[PDB]
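We begin with a single chain expressed as structure tokens, specifically the form deposited in one PDB entry.
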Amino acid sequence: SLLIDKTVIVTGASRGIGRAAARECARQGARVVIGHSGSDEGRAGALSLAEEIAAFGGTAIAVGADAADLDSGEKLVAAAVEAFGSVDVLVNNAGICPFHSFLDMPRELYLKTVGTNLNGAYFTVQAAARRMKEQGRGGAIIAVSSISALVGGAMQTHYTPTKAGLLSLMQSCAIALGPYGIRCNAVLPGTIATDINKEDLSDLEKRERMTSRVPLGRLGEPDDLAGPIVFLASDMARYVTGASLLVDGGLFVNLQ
């Protein structure tokens, strides 16, 4: 078990990658904080994860927090220190991807995605990093960006820069927090059959073409990101910081 006493903050853990990451952390011994949207969907799924975690002997807390609200980071660590006394791992997973054309992009739609995926993340890692610094025992930070941090997307001109900015954030934060033992890394998932990609997969017309492009012959599911995220949060990656890791089943390298 890899996080036997580390307490892990996972944002946007209602469903998708964030949910499966928080669950596997508890299975490795972590004391998870299940952050969510503060919506009733977020509140319900988080309790479900919290209830499922204690079902096999784990412990966790559900805390609502809007990633666009720049005060959510310090509230999430404040809930984590009040509940478990320390902040050791931050999985900044919260984000949105509203597909939209570029030349007619609304200013509000763009600024809501930059604030949620980038700006809100910047102050969640900041509030978390501070706690790891004055704790003096190090820590791990994992940002969930995208394969789109390395390529483009015609309907994601407002999305891919936030994901490439999350990667770059982990690169610079790796330098600023390096001397304090705080390693910062990014996971770049490929096509994960989640709710963000539901509108495309609900067509089931090019899902067969989506799967065709993945060399592993299948789409990703949230538990594909659980293993890599807890690896980056563990002592198995003690010398890993400023790195990205593609979790895409070969999608990136498979040129056609």
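Throughout, rigid core stands for the largest set of C-alpha atoms superposing within 1.5 Å between the two forms. Numbering starts at 1 and follows the sequence shown.
Q: Given the B-factors recorded for C-alpha atoms, which segment has the greater mean, 229 to 237 or 244 to 252?
A: That would be 229 to 237.
Q: So, looking at the entry's B-factor column for Cα atoms, which has the higher mean, 177 to 185 or 104 to 112?
A: Taking the mean C-alpha B-factor of 177 to 185 and of 104 to 112, the larger value falls to 104 to 112.
Q: Can you tell me which of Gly139, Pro161, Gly153, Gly85 has the maximum CA B-factor listed in the PDB entry?
A: Largest recorded C-alpha B-factor: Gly85.
Q: C-alpha B factor of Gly165, ranked within the chain: lowest, middle or highest third?
A: Lowest third of the chain for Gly165's C-alpha B-factor.
Q: Comparing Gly220 with the other modelled residues of its chain, is its CA B-factor in the lowest, middle or highest third?
A: Ranked within chain, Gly220 CA B lands in the middle tercile.
Q: Using the B-factor values recorded in the entry, state whether the Cα atom of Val144 falls in the lowest, middle or highest third among the modelled residues of its chain.
A: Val144: CA B-factor falls in the lowest third of its chain.
Q: Lowest, middle or highest third: which one holds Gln126 when the chain's residues are ordered by CA B-factor from the entry?
A: Its C-alpha B-factor, which the entry lists for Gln126, ranks in the middle third among residues of this chain.
Q: Would you mind ranking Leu90 by its C-alpha B-factor against the rest of the chain and naming the third, lowest, middle or highest?
A: Answer is lowest: the recorded C-alpha B-factor places it there.
This next part talks about the form deposited in another entry, which is not shown.
Q: With the core superposed, find the residue in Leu201, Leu188, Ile61, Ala226 that moves its CA 2 Å or more between this form and the one not shown.
A: That would be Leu201.
Q: Look at the CA atoms of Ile196 and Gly217: state whether they lie closer or farther apart in the other form than in this form, given a difference of 3 Å or more.
A: It is closer: in the other form, the C-alpha atoms of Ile196 and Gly217 lie at least 3 Å nearer than they do here.
Q: Specify closer or farther for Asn119 and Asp200: how their Cα atoms are spaced in the other form versus the shown form, given a shift of 3 angstroms or more.
A: Here the pair is closer than in the other form; there, farther apart.
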